[PDB]
Every structure is written in structure tokens, then in C-alpha cells.
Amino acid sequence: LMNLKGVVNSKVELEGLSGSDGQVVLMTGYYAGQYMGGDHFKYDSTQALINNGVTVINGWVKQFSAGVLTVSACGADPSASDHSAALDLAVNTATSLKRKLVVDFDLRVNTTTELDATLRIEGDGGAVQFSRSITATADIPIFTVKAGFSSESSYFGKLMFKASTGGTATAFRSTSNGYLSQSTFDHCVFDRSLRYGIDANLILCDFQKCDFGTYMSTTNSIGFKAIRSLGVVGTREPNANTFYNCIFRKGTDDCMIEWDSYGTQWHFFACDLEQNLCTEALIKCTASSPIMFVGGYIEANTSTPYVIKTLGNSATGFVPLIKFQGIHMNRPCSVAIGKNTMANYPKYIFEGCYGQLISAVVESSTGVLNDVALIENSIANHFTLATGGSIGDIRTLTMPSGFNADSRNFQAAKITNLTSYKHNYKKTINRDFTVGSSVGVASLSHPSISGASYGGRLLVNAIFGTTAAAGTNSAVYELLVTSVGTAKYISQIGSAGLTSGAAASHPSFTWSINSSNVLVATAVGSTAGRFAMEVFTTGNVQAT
């Protein structure tokens, strides 16, 4: 038969207590007056001199009656002002033992804790702002990501990160651009008292309903940025970071989210980016690969110029597409939603977005607002224009006259009602003539078969000057053209306007085709000066 040896109230009373093999004792709390970290202990004479402070304490082996490793069982004193060394022993023990770590009371740390690989740490606190919290009492990262991949694989479940002094510290920081790789942030809250929510090189990390800056334990006057992932081009780039139902509120730095090194695949599913006060943009990134917003909100950012601003050199890499798929955007920014610093890229898709604008939709690298050349598609969008808002030629539900996209190429199309006046159209300007001189207008060729015999119709509108206006001398010519080898065939079907050259400014010309298949215009009568032609082709001929 075996009886209970006794009960102890602290770890100091356990190490000084002597026993024999098989004896079991009850410890009520790691420290006196506490109930946390307590556990049953069985004595082992083989390890009587072993005392690591957690599992074995001078022969007393932890029995894990609760089946869970807690930070209190590693020396975390709730009455103490600091728990840094206790947390370090907790991460080292939980990872070396290959078991999850549980934070059972709010910790306060003044020294960083390096993130050991495969760390799974969870909190048993309340919901959202009353979750199990870890506060940084100094201007130091709560966790330090190791260099290279030494911190790869981790799990952070329902933990809150605060700072004792507003505008200091961060939850994570990387040494030598170390990778915070293959991690999960489940319902983690990042208090606005932090200077940076996450200042580590993130890769392959998913965020499940995290919160950045909604709640604020102490006032932050320096600034708050949600994420800053800085890496190295080619070897350590911030990649594959997805956000589900996350919230980004009350930012005060130059941007809320930032990453460089042409990091790839940052996407936001049903996220909420509102009530920020960023000075430049909500997302400032030197990135490649597309960036997509699948549902969510981008609103209430009246003082932020841009929603997203891409940087870098397009020769090295670029974002091809930024898609806003069904985003509620009630005043998302103040200047333009998408700001480009490279030419042409990125393109934008606004699919079913809804809200009111005090800004432009996009801005090119040269400052052109609402550049349709940057609009890959714009369908089913509803935008009301407030003071400062503009859409330009971009199509909306209330502005059907705009364009859905810049260009589309199809191999076939059936359009019932088509409106296109510059169809097979070519413009040639600065056609300077003297009396009776000849000037080439365009080159004729078969549009499908190279070097083949062409044949079609030409509508030429010649005017005096460069661009037509009210009272501009005009003339129209209808020409049938075709070729058989060196033989050129042109027939003027008709004409109208000032076609006789009664004055120098009259666009009067006779048409021919030379040996180079060039449509040549010869001045008629007194015609002389600078003219401009516009050719509209039909059939098996093109004017280039």
C-alpha cells in the first residue's frame, strides 16, 4: 500500500523536501500563496541530484496531472514584475519536449525570448481584448525570430501583445532578416500601444481573425504599424502571407502593412481596413505577384492618401494585378486607391465594389488620375462622388459612358449594337504640300496574309492643319484599292467637300499607290500647306 506523502505550497519547499522512491506529493502552486504551476510529483532516487526547475526538482518528477505544460510551471511568478527568464525556460522546455505551451496568466517581460522552432503556444484568456496577454515592459521585441530558418514552424493561438510604454517594443522582430516561417496566428490581438505589431520577416503565415490596433492599453504617441516584413532579395523574401477576417484600425505610421524584397502572395479575405490615419498609404510594398482583396472593407481613411502603393523596379519584378473583389469602400482614401510608381504596372480590377469616393480610383506613375490603361476590368461597381472624388472615364453603374477596361482581344465576337467610329482607323499628320507635290499617307497591305494581294475600300478624310475643329476645311474620298504584284489598282468611287483646290487651305488631293504600296496624295490646284488625313479601311486591306 502507498499513501500520500504530504502537500507543499511552493517550489522552494519541494527542492528542500526529501523523499524515497515512489512517494507522491501535492504541490499547490510554483510559488507560495499561488495556485498556478501546481502539480503532483513522484520521487526518483536515480535523479535525486537533478533539478531543472520544471520537470525534475531534486528527484521530484513532474507528473502532469493536468496533462498540460504551463508557463507557471516554469517559474512564472504572478506577483513578480517580470517573467522573461520564466518564458525563456518555457519555450525551451515545451519545444525540447515536443508539446504545446499554455500561458495561464498575463505575462510581463523586459527581455526578449528567441522563438525556438516548432513552438506551439496558446492562451486560455477571454475573447479578443480580454485574451491572454503578454506585455513588453521595455523597448524590445517580445519574441525574437532566429536567423535563417531556425525559427521555422510555430503556432500562436489566442494571445494578445501589449507594451507598457506606448510607441515601444513589438511582438516579433527578426535577427539578420530571419524567417518567421510556417506559422499560424489564431485570433491574436495586437495592441495599439506597440510600435510595430509584427516587425519580422513573415513567410508562409496565415492569420485567422487577428486584430491590429483596435484596442489600446496605453497611449501611443510615436506611431503604430501593423506589419513590417523586411527581407533580402533572392534569398529571404516575405512570401505567402494570407489574412482571413483580420481587422486593421487606427494606424498612425507611414503605412499599416509593409514588405519589401519583391515578396509574393499577400492576400486578404474579408479583411477590415478602416479608421486608419496613415500618412502615405495603407499598404506600401515593394512586391511582385498579384495582391487580391476577396471581400471586406476599406473605408474611413479620410487622411490617408492611398490605399495601396507599389514600389520597386519593374525590370526586377512587379505586381501584375491588384484585384478588389467585392470590397465595401466608403471613403477608402483621399487621393487615389491605387498608386503606381512603375509605368503600366500594376493593373487594377474593381469587381462589384461599393461605396463613396473622396479620391480618384487610380494614379499612374506619371500622376495621371484614373488612367484607364491601368484598369484591367471595372464591372458592377457603384461609386458616389463626394468632394475630391473622381472616376474619369472608368465605368460605374451610374456612369455607363465609361470604359470597363482599356482593351480586349477576342478571336470572335457577336455584338448586336456596336459603337466604334475609329474602326480600322489610321491618322497621319504633318502632311506638308507644295503646289502639285505628292506626300505618302499610309502603307497598304493584306491584314491577314503577309505579302499577299490586298483588296478593299478606303475612306479618307483630309483636313487643313492637324486636328479638326469648327470651320476646318474638310474633304472625304472613297477609294477602292487592290494590287496584283507590282500592279497597283485604285479607283475613286466618290468625293465630297473642298476637292478642287480653289484655295491653298483646301484639302484637295488625287490618290495613287506607288511601287512601295504607299497611299500617295497629290495636291490639286492651289492646295499647299500642312494637312492631316484619317483613313478608314474595309475588307482585305490595312493602312499602317
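All residue numbers refer to positions in the sequence shown, first residue = 1.
- Here the stretch with the larger average CA B-factor, out of 132 to 140 and 237 to 245, is 132 to 140.
- Mean CA temperature factor is higher for 54 to 62 when stretches 510 to 518 and 54 to 62 are set side by side in the entry.
- For the set 205, 375, 399, 145, the maximum C-alpha B-factor listed in the entry falls on 399.
- Among 37, 501, 494, 497, the highest C-alpha B-factor in the deposited entry belongs to 37.
- Residue 77: CA B factor in the highest third of modelled residues in this chain (values from the PDB entry).
- Sort the chain's modelled residues by C-alpha temperature factor and residue 451 lands in the highest third, per the entry.
- Among the modelled residues of the chain, residue 433 sits in the middle third by CA temperature factor in this PDB entry.
- Placement of the Cα temperature factor of residue 345 within the chain: middle third of the modelled residues, per the deposited record.
- Residue 383: CA B factor lies in the highest third for its chain, per the PDB record.
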